[PDB]
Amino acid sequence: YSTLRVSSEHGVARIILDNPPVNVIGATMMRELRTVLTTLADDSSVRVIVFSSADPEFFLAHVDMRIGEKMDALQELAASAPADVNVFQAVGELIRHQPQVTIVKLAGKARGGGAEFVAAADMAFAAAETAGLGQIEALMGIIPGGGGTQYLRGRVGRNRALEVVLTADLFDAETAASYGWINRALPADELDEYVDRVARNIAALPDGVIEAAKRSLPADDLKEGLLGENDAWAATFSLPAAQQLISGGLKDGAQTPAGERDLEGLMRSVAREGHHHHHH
């Protein structure tokens, strides 16, 4: 795989996300994630999956801002998406319905679709000092269209969901945990051993226990919410701002490490600059 690596042993698969320079989620990663998770879902030797990043600053930056430039790659993904779920929601929805226990180890920054990925897993543990979660979408003239509005509604409640989405700020681990967006914030220097212990302890459970727990606690019914989000999100592309802001962002350094570090700041200054065409 070109955007990730997988290894498994002792009932735990580790999926390490590695797509330089900032771990954007592009069409290739979306396809490779589907392949790896679909294959694992049929592997009776694997009981737990742990997602981590190889990038020292970013878990998953956000969805590739150039993803709409090659609609054919996107059209192929959209054709394999489940009923009533859009091509972006299909990533989080695959994670949410995975048979294995899914665990995210979050050390760095995850925004937009990356933050959706984090919230979709069964459990997420984040480094107190270094981790960050933000829904950057509003600053690109859109809203989350990959399940984020609904994952937030369910985990943090509507009031805090609207705050996360509309302030579009980068939330630190301690705030994200107190909101319930992730399970726990832990010291950065303890996080790796903590997640390894949780994963191995869950994988050591007797046969059938994980299955029973997931049957007793089935995935939330989000069908109507995901449809509503899709409709609202689709409508934001019928307005000119989204493409102006996405183009302006790329011009000003989005999807480079310096540009992504304070993406919120970068996108607000792009909006303040307000460049656009003049066809007089």
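Residue indices: 1-based, along the sequence shown.
- The PDB entry records a higher mean C-alpha B factor for 68-76 than for its counterpart among 107-115 and 68-76.
- Looking at 90-98 and 157-165 together, the entry lists the larger mean B-factor for 90-98, computed on C-alpha atoms.
- Out of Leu60, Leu217, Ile49, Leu222, it is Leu222 whose C-alpha atom has the highest B-factor in the PDB entry.
- When the CA B factors of the chain's modelled residues are split into thirds, the value for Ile246 lands in the highest one.
- Annotation for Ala258: C-alpha temperature factor in the highest third relative to the rest of the modelled chain, per the entry.
- When all modelled residues of the chain are sorted by CA temperature factor, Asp122 is found within the lowest third.
- Ranked by Cα temperature factor within the chain, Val12 sits in the lowest third according to the deposited record.
- For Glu137, the recorded CA B-factor ranks within the lowest third of the chain. Only modelled residues enter the ranking.
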